[PDB]
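Visitor: Please read through the structure below; I'll follow up with questions.
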Amino acid sequence: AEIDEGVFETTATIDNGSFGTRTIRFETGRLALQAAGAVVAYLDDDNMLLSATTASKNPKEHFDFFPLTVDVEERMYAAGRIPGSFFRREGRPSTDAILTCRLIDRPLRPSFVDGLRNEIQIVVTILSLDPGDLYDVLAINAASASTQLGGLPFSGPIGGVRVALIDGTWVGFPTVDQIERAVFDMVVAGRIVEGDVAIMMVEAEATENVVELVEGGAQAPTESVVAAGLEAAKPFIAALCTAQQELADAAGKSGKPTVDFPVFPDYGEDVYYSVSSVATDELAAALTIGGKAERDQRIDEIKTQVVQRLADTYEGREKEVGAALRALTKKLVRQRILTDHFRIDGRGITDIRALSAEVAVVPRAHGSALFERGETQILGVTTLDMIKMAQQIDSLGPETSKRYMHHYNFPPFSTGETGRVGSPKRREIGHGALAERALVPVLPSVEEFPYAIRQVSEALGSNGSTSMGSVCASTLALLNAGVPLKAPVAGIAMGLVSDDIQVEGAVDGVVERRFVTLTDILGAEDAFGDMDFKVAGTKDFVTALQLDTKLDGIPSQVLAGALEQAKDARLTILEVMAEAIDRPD
Amino acid sequence: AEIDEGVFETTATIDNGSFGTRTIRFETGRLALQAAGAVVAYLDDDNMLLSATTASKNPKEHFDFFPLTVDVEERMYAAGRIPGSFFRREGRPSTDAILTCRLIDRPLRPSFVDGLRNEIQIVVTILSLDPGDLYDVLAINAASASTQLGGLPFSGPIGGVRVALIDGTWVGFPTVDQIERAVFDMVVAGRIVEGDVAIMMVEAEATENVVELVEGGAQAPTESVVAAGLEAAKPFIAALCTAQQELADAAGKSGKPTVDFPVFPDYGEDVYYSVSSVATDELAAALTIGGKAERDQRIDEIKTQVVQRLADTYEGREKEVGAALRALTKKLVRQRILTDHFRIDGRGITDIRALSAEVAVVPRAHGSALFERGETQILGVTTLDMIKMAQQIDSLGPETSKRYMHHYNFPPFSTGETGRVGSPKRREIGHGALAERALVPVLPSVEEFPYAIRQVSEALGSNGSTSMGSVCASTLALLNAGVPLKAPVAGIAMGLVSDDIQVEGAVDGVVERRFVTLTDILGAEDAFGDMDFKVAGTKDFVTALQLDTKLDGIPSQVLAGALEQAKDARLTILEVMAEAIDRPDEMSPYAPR
Amino acid sequence: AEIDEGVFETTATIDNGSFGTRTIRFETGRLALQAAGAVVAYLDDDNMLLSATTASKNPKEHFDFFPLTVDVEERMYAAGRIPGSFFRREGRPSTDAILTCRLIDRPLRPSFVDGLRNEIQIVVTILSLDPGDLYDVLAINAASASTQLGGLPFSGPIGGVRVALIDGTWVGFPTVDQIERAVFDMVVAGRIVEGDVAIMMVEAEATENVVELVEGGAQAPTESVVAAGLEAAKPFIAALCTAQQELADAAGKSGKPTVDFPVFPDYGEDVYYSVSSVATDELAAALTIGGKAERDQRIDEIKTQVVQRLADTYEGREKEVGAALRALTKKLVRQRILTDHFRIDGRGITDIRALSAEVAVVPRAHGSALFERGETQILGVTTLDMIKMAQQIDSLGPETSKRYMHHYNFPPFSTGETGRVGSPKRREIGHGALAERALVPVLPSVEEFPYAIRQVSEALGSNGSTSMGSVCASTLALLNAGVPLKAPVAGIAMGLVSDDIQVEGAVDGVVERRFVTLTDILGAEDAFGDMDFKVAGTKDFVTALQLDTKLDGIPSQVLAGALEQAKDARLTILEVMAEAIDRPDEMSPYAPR
RNA sequence: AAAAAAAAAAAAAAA
Ligand SMILES: O=C(NC1(C(=O)O)CCCC1)c1ccc(-c2ccc(NC(=O)c3nc(-c4ccccc4)oc3C(F)(F)F)cc2)cc1
Ligand SMILES: O=C(NC1(C(=O)O)CCCC1)c1ccc(-c2ccc(NC(=O)c3nc(-c4ccccc4)oc3C(F)(F)F)cc2)cc1
Ligand SMILES: O=C(NC1(C(=O)O)CCCC1)c1ccc(-c2ccc(NC(=O)c3nc(-c4ccccc4)oc3C(F)(F)F)cc2)cc1
C-alpha cells in the first residue's frame, strides 16, 4: 500500500478471539535511506522500532567463517525517563538486549548461502514502548524484513511469535498482565516451505505462578500440551511471513539481485575425491576402535600421513584436504549411525553416560554440589544473604528487582585450551539464563523464605550439554543449603539425525526419509547431527525448553517420541539425584 | 634569559587596559629531559602545566594517514581534592579533557609535512589550577612550544587565545567572573605569515546571560561584531608566537635538525601522468551526468577499467592508481566550480537543498521531530524529568552540575557502512557539544521551568553538516514538548574554493588569489574544498560558531561575505521551521508536573 | 596415598613450637581432568583452592619472548556473601589479586627452558577462605604443583612460605592476629639444589605497630635480624618441595614427557662466531668512551656497520646478528666489571650518582617535592582531605579501609617512547605497593592526625630504580605538607654479578667463583647483572625489601656485605635530603583544618 | 600477559 510517494506499508492481524485482536504494521521508504535495507515496525500504534541492514563492499577471506553481527540499542527515552547512571547516558548492553540479539542471530545465521565472506550487520533501535508489552518478537520480525528488502542472498522471510497458555487457550502476543495468568510461555520462529510452516527455533519456559495455578484447577504443561502449543503457533507465523513478502513485492525488490557476492567453498571436488579414495578404509577401521586416547591418536596420525602426500601434489593446500577429511569423517559417522545404530563411543541410542552426584564439597560454603555425567563435570555453590542484597534493575523492561541470581562460568581449561579470562561472553549469558529460568518455578515465596539467593555454576569439564548439568547441580546445591524447594528439577540434551537413506528394495527410487533420535549427545554428535534440543523439568511437567533446527519438516510422531524419550531420561537422572539427597538439610 | 645553567625562560604580556594585565611564561631545560621536547607553562604565577612531545624510531608506511595522538591528563591534586570515585583514582577522560584534545589536534595536525608516517604523541599534564581560571588555551600554546623545540618537521609556532566581549571591549584571557559579565566568548588560533596573522581555527559561543544583558543596554553579537572580535585577537596571537620563537632560538635548536624523517607520497609522477592522459576526458564527461546513481556507476566503471589496465602495465600497483584518480577528480571538480560556477549536484553558489520539517513522530515521547535537508536526515527526541536527575559533575573545572544535556549519535549505517557500535568516539562528543552550546542561551530559567532536560540526536542519514541539522531538530523537538524558548535557533555550513588563476591578460605575472564561497556544502565539497564554516543563531544574533581552515590567510571581506550569506540561509530555514510550528505545545500527559 | 581409585594426596607439616602446628594438603586426580595438570590445595581443612595448567598445541615464532600468563580468580562465595557491585558479580581483578599474580610470576617465569614459544596459562581459583588467613603463599605452592604435574619442561618444584617475627621467634604461616603482634613479615620462595635450599624470591615489610613494639622492649629489625629470618625459612621450603615431589611421583608422571616442545634460539653458533671475530676489538674500544652520547653514537654506528657487512653473507639476518652483538656486548661489560672493577659510566663499585632534592615545586599543592638521582627524576605531590575520603575496600581479605593511598605513574615519554596512556599496568601497581609499604610504618595515628592522605608519584625521567626514588620523594613531600612523621625514610637499589674465573696460576681447571656487589645500578647493569635487590628504611631499621635471583647458592658473607653496603648508601642519601628539610612545615592555607 | 624496547565518509564457535 503506497501511502505516499516512495513509501510502502503492509499489515498483519493476530486474532485471539475473546482475548482481543492485535495488528502489526511494516513500513519502508522513509527512514535510513542509505542502508541496504530498512524497515519500521509498529505494534498497536504504540510500540515502534527501526531495523537497518548493510553489507561491506569487499569480501574478507582471512576469516574461515561467515561474519554476521547483530546489535540491539535500547533507548531510555522509549520509556520516558532519564538514565540513572552517573554520566546519564546508556552504557554497555543489558542482559535483555543480549538475549534478544541471540534470539535474532540463531534462526537467521543458517539462512544465508554457504561460503559468504562479506560482513553483514543488523542494528535494531527501540524507539517507543508501552509499559505492558514486550519488544523481542517484534524485533525478530523487523530484522527479517529489513534483510529481505536489502537484496542479499537470503532464504525467504522468517516469522516469529510468542504464545502463552491461559485457561486452555494459546494466546499470541500476550501482555505482561496476561502472562501473569498463564502456565507456559513459548517463543517460536519458522518459515514457509511449499505452503507449510517449518519450525526453526524454540525457546519456552513455565511461569512463576504455575504450581499455584495448577493447584487451582488448570492443566499442567506436559509433553502433549507443549506439542499442541507448537502446532497452534503456525498460523501466526504464516500470516507474518505473508505480510513481509507482500511488503517486499510492493517496493520493487523481488528479483534483480544486481550486486553479486562471491563464494568461497571449503574444498574442491577433486581434492575430496582423492581424499576419499585414499583414506576411506583407514577412517572406517579407525572409527571401530574403542576408547578415547587410542582413537584420537590413530585419527591424528591418519591426518598427518594423508596430508603428507596430497598436499604436495595439490601445490601446498593443506586446509582443503583437512576440510575434506572432516567431511568424509562426518559422512561415515552419520552412515554408521543410520545403518547399524552404533555410536562412536559404543553406546546404544537410548543410553546415558555414567552419572554421579555429591554434596558438601566446599567447607565454608552455604551449599555446594558436584555433578558428573561422562566427561562433563559441574561444580555448584549457593550463598544466602539479606533481602536488601537483591539486584536492582534499571532498564526498559518491566522487571525492577531480582531475588534469585544465577551466574555461569566457562574457563578455557575445561576443554584443555588457553585463552583470555575476563568478562563473560554472550553464550555464557545465554546458558546462565536458561538454567535460571529452569529453576525459577520451583522456589519458595519471599514470605516463607526471606533471603536473597545467588547460585554460581563453574564448568570444570565440558563434553556437551553443560546447561543441563548446571540445572542438576543447582538443584543439588540448593537442597544442600536448606532452601525448601517445591520439587527437584533435572534436564537432558537430545539429538536427531535424519536422512533419505536407501530402504529395502532396489532401483534407488524407493528411498524413504528416516529419523533416528539420540539420548545425551556428545559434542561431536551435536556437530555432526541434524537437530538438538534440551528439556528440563520435574516428574510432573516441563519447566524449560530450547530447540534449534534447519530441516524442512518434522512429523508429529517423531517429535512426540523424542519428547517421551527425554522424559524417560529425566526420570532416570532424578532417581540418582534423590539418592544423594532427598530433602532440605 | 638563562635563569640557570641549561634552563631557559621567556615571557609574553597581555594588556587589557582598565581590566588588568596578565603574564604568560614558558620554561625549558629542567623537567622531562628524555622526551624529544618539553615545556612548562605558567599563567599569573598560579596556573602551571607541562607539555611533552616524542616521536617513534621507525615509520609505519603501511598506514594511509599520519598517526598523531594528543592526550590531556587532569590531576585532581591540581584542585587540592581527592577523587570521588570508588577507587579514588582518575579514570577515563572527561568531556572537558576530550574537547581540549580536539582543540589542540585541529590546528596542529595540518601543520606537519604531508607523507609523514612516524608516530607522534603529545601529552599535557595539569599540575596547578586557580579556581577562577581556564587552562585550555594555555595548553594549546604549550603543546605548540614543545613540538617546536622537539626538532620535528613542523611549520612554525602556533598561538591561541580567548577573547570575551564586555561593555564593548574585547578582553584577552578573561576569568570566570569576567566571562559571566560578557555577551560572547571566542577561542582563536593562528600563525604568522609574511609578518601578518593568518587565522586557522575558531570556536565561539554566546553566553548564557546574553538575553538579559542585551535587555539591559548592551550590544548584541551580530555578524559585524564577531568580525571585529576576530580582528581584535591578532595582536595577542602575535605576541605569543614571538615569545615561543624566542624560546626556541635561545635553547639552541632552530637549525640543524639532525634527525631526518622519510616521507611516503601517495603516488608517483609517472603514474599520475599516465592516469591523466588515459582518463581526463572520461572523468570530465562523467561529472556532467549530475544524477547520482548514474554518475556513481560511471565513475566506478571508469575506475575499474583504469585500475585493470594500469595494473596490467605497471605490474600490480593499484593503490597509487586509485590515489592518482582521486586527485585528478578533485582537480576537475575544483576547476569546474571556479570557472563555470557549477556544483556536483547542479546548484548555484547560493542555493540550499530541499528542506522539510515535521513534529510528533514518536508516539510515547514528550517531544519529537524529523528534519531533512536534501540527504541529511536527523531525528530528535526530548525527555523531561525531576530536577534531581540533572547530571552531577566532579571534574577539575568550575562546572558542578548540568541542567540541560545533549547527546549525539552517528551509527555506521548512516553512510551505508559496517562498523562497531559501542561507546561514542571523540568526534561524536565534539559534534554533540557544538549543538548543545547553540541552544543554551535561549533556555528558560529553572525558576520558571523547574525540570531537567535531555535531548538526543540520531543521524539517520549523513551527507554533510549533521551538527546544524541537530540544532534545527532540537529546536523543533523542544517546542513540541512544551518548553518555552525565548526564540527559535537554526544553523548552516559554508565552504570555500580559492586559487591563483591568471586574469584576462598575459605576462603570467598578474596572477592574484581568487575566492568563491559556497552555501550548504555536500560532504564531497568539504573533502575537496578549503574550509568548513558553521554558523548558528536566532534572527537577531549568533549563538555558536566553528571554523577550521588550512590556507595561509583569508581576507576579512571574504569572512564578512560568508557571515552574511550564512545569515540569509539561516533566515530561510527559520521561516520553513516556523511554518511547521511557531509556539510551544501543551505538555504531554506522560510527562510529570 | 591413594585414598580413591585414581586420586592421590600428600601432606606437609609445619611446626611452630608453642605457637601451634599446621598442615598443607595436596590432592590430584579428581577435579578438572581435561587440563594438562590440576591440583587442589588445603590449609588446615578450612582453606581450599584449585590450580590448573594448560599449554597450546602449536608454537608461534613471531613473538620474541616467552608468553606465560597467570590469573587469579577470587570468588566472593568463599567469604559467604554476595558481591556489593551494581551488577552483583565479580568484575576486574582487585589489587590483591594482581599482587598475587606477580608473586607467582616472578619465581616461575625464569624456571622454564629458554627458547620456548608455546603459550602457558595458569589459573588459580579461590574456593574457601577462613577470615583469619591469607591465601597468597598457598597459591604459590599450588601453581608450582600443577605445573610440575603437567609434564612440561619445568625445572623442579618451587616452595613458598611466609615468616613473621614474634617475640624473637620466626613463625611460619601466621594468622592475622599473630601478624598483629609481629615486627617484621617476609614472603620467601626457593627450591632444592643438590640437597640445599636456594633462595629465588623475597618480599618483606615491617608492620604498622613496629615502633610501639620496639618501644615496649622488642628487638628492632636490623640487617642481621633479616638475615636470620631468611635462614629460618629454609626448612619449611624444603618440606613443601618434598611433598610436591612425592605427589608427582605417586601419580605417575615424573618421566615420559611424551609431548616434545620445540625451542627457538636467538642465534646460531656460526653467526655468533663471525660477529665476535669481526667486532671484538671494535666494541671493546667503544666502551672506554666516557660520554654517553658519543658512546651510544659509536655503538649504533658499529651495529649498522656489522649489519650491512654480514647481511649479504647470511642471506639476510638482522635479528640474529643483533642478538649476537647483544650477547658479545654483555659478555664484555661483565668481564670488564669482574676484572678491572670498572662500570659503564666510570663510577667506582661503591659510588652513588649525583643527588639533588627540592621542595615546594607546585604552587597550590598542599606539599610537593622533586628528587633527582643521576638520570632518574621523580616528582611527588601530597593531598589532604577529610577522614571520610578514605578508600572503602570490598574484597576477600581482612582489609576494609585505606587511610593512606599511594599511586605511581610511568608515562611513555619518561623513556622517550610513544605508547598508550590510561589505566596502569601490573608493574605500576607493584611499584606503588612497594613504596606504600615502605612508608606505612612511619605515620601518625588517626587520633593524633585526623586526615586522609593521598600521595602521587610521577616518573618524569627513568634510568633505574624509580621505586626507591618514589620512596624518597614521598618522604620529602609529606614533610613539606606538615605531616608529623616519626622518622624519614630512604631507599636504594643494589646489584650483584658473580662468575667462576681462573685465579693466578696454571692448569686452568682451578677456576674459582667470585662476587662483585654494585651500588645504585643503572638499567643496563640490571639487564646484564646476576641479581638485584632494593632496600628501604630509616637510620635504625629496615621497612621494605624486595629481591629476585636465579643463582644456585649465595654465601652468607656476601649477603651480609651487600646489606651493609646498602645501609651505608641509605645513610648518605638521608644526610643529603636532610639539608632540604628536616622538620615538618606549617600546613598550607589551602588545606582544610 | 613480560619488558627500557588516535584521524577520517572510507560478533560465531570445542577449535
Ligand atoms: O563441551 C562442550 N560444551 C558446550 C555445551 O554443549 O554445553 C559449552 C557450550 C557449547 C558446547 C563441547 C565439547 C566438545 C565439542 C566437540 C565437537 C567436535 C569435535 N570433533 C571431533 O571429535 C573429531 N575431529 C575429528 C577429525 C579431526 C581432524 C581430521 C580428521 C578427523 O574426528 C573427530 C571424532 F570423530 F574422532 F571425534 C570435538 C569436540 C563441542 C562442544
Ligand atoms: O556527513 C559527513 N560527515 C559528518 C558531517 O556531519 O559533516 C557526519 C559525521 C561527522 C561529519 C560526510 C558524508 C560524506 C562524505 C564524502 C566525501 C567524499 C566522497 N567522495 C566522492 O564523492 C567521490 N569519490 C570519487 C573518486 C574516488 C576514487 C577515484 C575516482 C573518483 O569521486 C567522487 C565524486 F566527486 F564523484 F563525488 C564521498 C563522501 C563526507 C562527509
Ligand atoms: O628507567 C628505568 N626504570 C624502571 C625501574 O627500575 O624502576 C621502571 C620500571 C622498571 C625499570 C629503566 C631504564 C633503562 C633500562 C635499560 C636496560 C637496558 C638498556 N640497554 C643499554 O643500555 C645498551 N645497549 C647497548 C647496545 C645495543 C645494541 C647494539 C649494541 C649495543 O649498549 C648498552 C650499554 F650497555 F652500553 F649501556 C638500556 C636501558 C631499564 C630500566
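In the C-alpha cells, each chain is lettered A, B, ... as it comes, each chain's residues begin at 1, and ligands are numbered from 1 in order of appearance.
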What residues have any atom no more than 6 Å from ligand 2 when counting only C-alpha atoms (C1' of nucleotides) and all ligand atoms, and can you list them as JSON, numbers by chain?
Guide: {"B": [303, 322, 325, 326, 329, 462, 463, 464, 465, 466, 467, 523, 524, 527], "D": [9]}
Visitor: Quick check: residues of chain A within 9 Å of chain B, only C-alpha atoms, returned as a ChimeraX atom specification.
Guide: /A:31-36,45-48,52-57,71,77-84,86-92,119-121,123,127-130
Visitor: Could you save the residues just selected, with N, CA, C and O atoms, as a compact mmCIF listing (two decimals), in the first residue's frame?
Guide:
# COMPACT_ATOMS: atom_id res chain seq x y z
N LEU A 31 12.80 6.22 6.33
CA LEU A 31 13.92 6.44 7.25
C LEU A 31 15.13 5.62 6.82
O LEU A 31 14.98 4.52 6.27
N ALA A 32 16.32 6.16 7.07
CA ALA A 32 17.59 5.46 6.86
C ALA A 32 17.72 4.95 5.42
O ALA A 32 17.85 3.75 5.17
N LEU A 33 17.71 5.89 4.48
CA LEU A 33 17.66 5.56 3.06
C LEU A 33 19.01 5.17 2.46
O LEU A 33 19.04 4.73 1.31
N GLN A 34 20.11 5.33 3.19
CA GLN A 34 21.42 4.93 2.68
C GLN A 34 21.82 3.52 3.11
O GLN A 34 22.88 3.05 2.69
N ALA A 35 21.02 2.85 3.92
CA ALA A 35 21.28 1.46 4.25
C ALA A 35 20.87 0.56 3.09
O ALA A 35 20.12 0.96 2.20
N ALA A 36 21.36 -0.68 3.12
CA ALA A 36 20.93 -1.65 2.11
C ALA A 36 19.44 -1.94 2.24
O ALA A 36 18.73 -2.04 1.23
N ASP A 45 -0.10 0.58 17.16
CA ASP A 45 0.14 2.01 17.05
C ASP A 45 0.66 2.63 18.34
O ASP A 45 0.44 3.82 18.60
N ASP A 46 1.37 1.85 19.16
CA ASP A 46 2.02 2.39 20.34
C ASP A 46 3.42 1.87 20.58
O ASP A 46 4.17 2.50 21.33
N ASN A 47 3.82 0.76 19.97
CA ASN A 47 5.19 0.26 20.08
C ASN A 47 5.86 0.41 18.72
O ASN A 47 5.31 -0.04 17.71
N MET A 48 7.04 1.04 18.71
CA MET A 48 7.69 1.43 17.47
C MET A 48 9.18 1.12 17.54
O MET A 48 9.84 1.50 18.51
N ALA A 52 17.76 -1.82 10.46
CA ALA A 52 18.55 -1.49 9.28
C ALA A 52 19.62 -2.55 9.04
O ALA A 52 20.26 -3.02 9.99
N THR A 53 19.82 -2.90 7.77
CA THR A 53 20.78 -3.92 7.36
C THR A 53 21.69 -3.36 6.27
O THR A 53 21.21 -2.75 5.31
N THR A 54 23.00 -3.61 6.42
CA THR A 54 24.01 -3.18 5.45
C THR A 54 25.03 -4.29 5.24
O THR A 54 25.14 -5.22 6.04
N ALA A 55 25.80 -4.18 4.16
CA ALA A 55 26.81 -5.16 3.80
C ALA A 55 28.08 -4.45 3.33
O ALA A 55 28.02 -3.39 2.71
N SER A 56 29.23 -5.07 3.59
CA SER A 56 30.51 -4.49 3.23
C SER A 56 30.80 -4.68 1.75
O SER A 56 30.35 -5.64 1.12
N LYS A 57 31.58 -3.75 1.20
CA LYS A 57 31.83 -3.73 -0.23
C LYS A 57 32.74 -4.88 -0.66
O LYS A 57 32.53 -5.48 -1.72
N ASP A 71 23.03 -6.22 16.61
CA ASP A 71 23.10 -5.28 17.72
C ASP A 71 21.72 -4.73 18.04
O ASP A 71 20.95 -4.40 17.13
N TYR A 77 14.70 6.99 26.36
CA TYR A 77 13.55 7.85 26.11
C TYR A 77 12.35 7.07 25.58
O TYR A 77 11.25 7.62 25.53
N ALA A 78 12.53 5.81 25.20
CA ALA A 78 11.38 4.99 24.83
C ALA A 78 10.49 4.71 26.04
O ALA A 78 9.31 4.41 25.88
N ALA A 79 11.04 4.80 27.25
CA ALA A 79 10.27 4.65 28.48
C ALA A 79 9.90 5.99 29.11
O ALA A 79 9.20 6.01 30.12
N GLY A 80 10.33 7.10 28.52
CA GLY A 80 10.06 8.42 29.07
C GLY A 80 10.76 8.77 30.37
O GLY A 80 10.13 9.35 31.26
N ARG A 81 12.04 8.44 30.51
CA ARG A 81 12.80 8.88 31.68
C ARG A 81 14.28 8.95 31.33
O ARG A 81 14.71 8.48 30.28
N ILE A 82 15.05 9.56 32.23
CA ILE A 82 16.47 9.81 32.03
C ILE A 82 17.29 8.68 32.64
O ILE A 82 16.93 8.18 33.72
N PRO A 83 18.39 8.25 32.02
CA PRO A 83 19.18 7.15 32.60
C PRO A 83 19.72 7.49 33.98
O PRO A 83 20.14 8.62 34.25
N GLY A 84 19.75 6.48 34.85
CA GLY A 84 20.16 6.64 36.22
C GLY A 84 21.64 6.53 36.50
O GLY A 84 22.05 6.71 37.65
N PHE A 86 25.77 7.44 36.45
CA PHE A 86 26.44 8.65 36.90
C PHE A 86 26.65 9.65 35.77
O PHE A 86 26.62 10.86 35.99
N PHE A 87 26.86 9.16 34.55
CA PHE A 87 27.03 10.02 33.39
C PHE A 87 25.74 10.23 32.60
O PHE A 87 25.77 10.90 31.56
N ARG A 88 24.61 9.70 33.07
CA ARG A 88 23.29 9.96 32.49
C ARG A 88 23.20 9.54 31.02
O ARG A 88 22.51 10.17 30.23
N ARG A 89 23.88 8.46 30.64
CA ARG A 89 23.88 8.01 29.25
C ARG A 89 23.95 6.49 29.21
O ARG A 89 24.54 5.86 30.09
N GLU A 90 23.36 5.91 28.17
CA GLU A 90 23.33 4.45 28.05
C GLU A 90 24.73 3.90 27.84
O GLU A 90 25.51 4.41 27.04
N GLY A 91 25.04 2.81 28.55
CA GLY A 91 26.37 2.22 28.51
C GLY A 91 26.45 0.90 27.78
O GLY A 91 26.07 0.81 26.61
N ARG A 92 26.96 -0.13 28.45
CA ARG A 92 27.02 -1.46 27.87
C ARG A 92 25.62 -2.07 27.75
O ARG A 92 24.73 -1.73 28.53
N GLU A 119 31.07 -8.94 5.28
CA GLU A 119 30.48 -8.57 6.56
C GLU A 119 29.02 -8.17 6.37
O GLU A 119 28.67 -7.49 5.41
N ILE A 120 28.17 -8.61 7.30
CA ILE A 120 26.76 -8.22 7.33
C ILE A 120 26.40 -7.85 8.76
O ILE A 120 26.66 -8.62 9.69
N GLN A 121 25.81 -6.67 8.92
CA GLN A 121 25.45 -6.13 10.23
C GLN A 121 23.97 -5.75 10.25
O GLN A 121 23.45 -5.20 9.28
N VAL A 123 21.24 -3.73 12.84
CA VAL A 123 21.09 -2.86 14.01
C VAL A 123 19.61 -2.58 14.22
O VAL A 123 18.93 -2.14 13.29
N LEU A 127 12.48 2.58 19.79
CA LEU A 127 12.06 3.98 19.80
C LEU A 127 10.89 4.27 20.73
O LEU A 127 10.89 5.31 21.38
N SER A 128 9.90 3.39 20.83
CA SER A 128 8.76 3.65 21.71
C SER A 128 8.19 2.34 22.22
O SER A 128 7.98 1.41 21.43
N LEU A 129 7.90 2.27 23.52
CA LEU A 129 7.48 1.02 24.16
C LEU A 129 6.38 1.26 25.18
O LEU A 129 6.51 2.10 26.07
N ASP A 130 5.30 0.49 25.05
CA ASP A 130 4.22 0.53 26.03
C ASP A 130 4.61 -0.25 27.29
O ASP A 130 5.21 -1.32 27.18
Visitor: Around ligand 1, at most 8 Å away and counting only C-alpha atoms (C1' of nucleotides) and all ligand atoms, which residues are there? Put them as a VMD selection string, please.
Guide: (chain A and resid 287 295 to 296 299 to 300 302 to 303 322 to 323 325 to 326 329 to 330 333 344 376 410 415 427 to 428 431 461 to 467 522 to 528) or (chain D and resid 14)
Visitor: So that I can check the secondary structure, give me every residue of stretch 331-546 of chain C assigned helix (DSSP H, G or I) by backbone DSSP, as a PDB file with C-alpha atoms, in the first residue's frame.
Guide:
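And here's states-v6.pdb as it stands now:
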ATOM      1  CA  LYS C 331      79.871 -10.509  27.969  1.00  0.00           C
ATOM      2  CA  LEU C 332      82.432  -7.727  27.517  1.00  0.00           C
ATOM      3  CA  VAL C 333      80.771  -5.497  30.124  1.00  0.00           C
ATOM      4  CA  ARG C 334      80.616  -8.396  32.593  1.00  0.00           C
ATOM      5  CA  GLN C 335      84.282  -9.250  32.042  1.00  0.00           C
ATOM      6  CA  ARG C 336      85.300  -5.622  32.498  1.00  0.00           C
ATOM      7  CA  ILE C 337      83.405  -5.423  35.795  1.00  0.00           C
ATOM      8  CA  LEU C 338      84.803  -8.735  37.040  1.00  0.00           C
ATOM      9  CA  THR C 339      88.428  -7.934  36.179  1.00  0.00           C
ATOM     10  CA  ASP C 340      89.050  -4.176  36.429  1.00  0.00           C
ATOM     11  CA  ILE C 387      38.702  11.294  57.008  1.00  0.00           C
ATOM     12  CA  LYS C 388      35.532  10.260  55.159  1.00  0.00           C
ATOM     13  CA  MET C 389      37.503  10.302  51.881  1.00  0.00           C
ATOM     14  CA  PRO C 412      55.973   6.578  27.996  1.00  0.00           C
ATOM     15  CA  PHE C 413      57.827   9.858  27.445  1.00  0.00           C
ATOM     16  CA  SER C 414      59.873   9.209  30.598  1.00  0.00           C
ATOM     17  CA  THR C 415      61.938   6.911  28.358  1.00  0.00           C
ATOM     18  CA  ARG C 426      50.588  -4.536  36.637  1.00  0.00           C
ATOM     19  CA  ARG C 427      54.159  -3.303  37.153  1.00  0.00           C
ATOM     20  CA  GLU C 428      52.926   0.162  38.141  1.00  0.00           C
ATOM     21  CA  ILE C 429      50.645  -1.443  40.736  1.00  0.00           C
ATOM     22  CA  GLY C 430      53.574  -3.447  42.107  1.00  0.00           C
ATOM     23  CA  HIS C 431      55.925  -0.467  42.381  1.00  0.00           C
ATOM     24  CA  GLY C 432      53.251   1.670  44.019  1.00  0.00           C
ATOM     25  CA  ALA C 433      52.548  -1.052  46.570  1.00  0.00           C
ATOM     26  CA  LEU C 434      56.235  -1.355  47.442  1.00  0.00           C
ATOM     27  CA  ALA C 435      56.569   2.389  48.063  1.00  0.00           C
ATOM     28  CA  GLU C 436      53.346   2.448  50.099  1.00  0.00           C
ATOM     29  CA  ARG C 437      54.524  -0.328  52.412  1.00  0.00           C
ATOM     30  CA  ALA C 438      57.892   1.393  52.760  1.00  0.00           C
ATOM     31  CA  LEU C 439      56.149   4.454  54.196  1.00  0.00           C
ATOM     32  CA  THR C 466      62.221   4.550  40.173  1.00  0.00           C
ATOM     33  CA  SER C 467      60.532   2.896  43.188  1.00  0.00           C
ATOM     34  CA  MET C 468      63.271   3.903  45.651  1.00  0.00           C
ATOM     35  CA  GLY C 469      63.178   7.410  44.201  1.00  0.00           C
ATOM     36  CA  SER C 470      59.436   7.367  44.840  1.00  0.00           C
ATOM     37  CA  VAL C 471      60.114   6.484  48.484  1.00  0.00           C
ATOM     38  CA  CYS C 472      62.477   9.445  48.902  1.00  0.00           C
ATOM     39  CA  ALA C 473      60.131  11.878  47.135  1.00  0.00           C
ATOM     40  CA  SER C 474      57.196  10.766  49.272  1.00  0.00           C
ATOM     41  CA  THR C 475      59.138  11.403  52.480  1.00  0.00           C
ATOM     42  CA  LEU C 476      60.098  14.885  51.252  1.00  0.00           C
ATOM     43  CA  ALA C 477      56.600  15.862  50.111  1.00  0.00           C
ATOM     44  CA  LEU C 478      54.977  14.529  53.289  1.00  0.00           C
ATOM     45  CA  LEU C 479      57.318  16.640  55.409  1.00  0.00           C
ATOM     46  CA  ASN C 480      56.620  19.699  53.239  1.00  0.00           C
ATOM     47  CA  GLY C 523      69.114  -0.065  33.824  1.00  0.00           C
ATOM     48  CA  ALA C 524      71.748  -1.716  31.639  1.00  0.00           C
ATOM     49  CA  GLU C 525      73.586  -3.071  34.682  1.00  0.00           C
ATOM     50  CA  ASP C 526      70.312  -4.568  35.885  1.00  0.00           C
ATOM     51  CA  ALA C 527      69.797  -6.165  32.474  1.00  0.00           C
ATOM     52  CA  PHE C 528      73.320  -7.641  32.422  1.00  0.00           C
TER      53      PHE C 528
END
Visitor: Restricting the calculation to only C-alpha atoms (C1' of nucleotides), which member of C:565, C:244, C:254, C:69 is positioned closest to chain D?
Guide: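 Nearest to chain D: C:69.
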Visitor: Can you check which residues of chain D have any atom within 12 Å of chain C? Use only C-alpha atoms (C1' of nucleotides) and format it as an MDAnalysis selection string.
Guide: chainID D and resid 1:6 15
Visitor: With C-alpha atoms (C1' of nucleotides) retained, could you export that selection as a PDB file, in the first residue's frame?
Guide:
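As written to disk, out02.pdb reads:
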ATOM      1  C1'   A D   1      50.404 -11.281  29.942  1.00  0.00           C
ATOM      2  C1'   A D   2      56.508  -9.983  30.218  1.00  0.00           C
ATOM      3  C1'   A D   3      59.783  -5.915  29.174  1.00  0.00           C
ATOM      4  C1'   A D   4      63.540   0.298  28.723  1.00  0.00           C
ATOM      5  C1'   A D   5      62.327  -1.769  23.887  1.00  0.00           C
ATOM      6  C1'   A D   6      44.272   8.383  17.666  1.00  0.00           C
ATOM      7  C1'   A D  15      38.734 -25.019  17.954  1.00  0.00           C
TER       8        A D  15
END
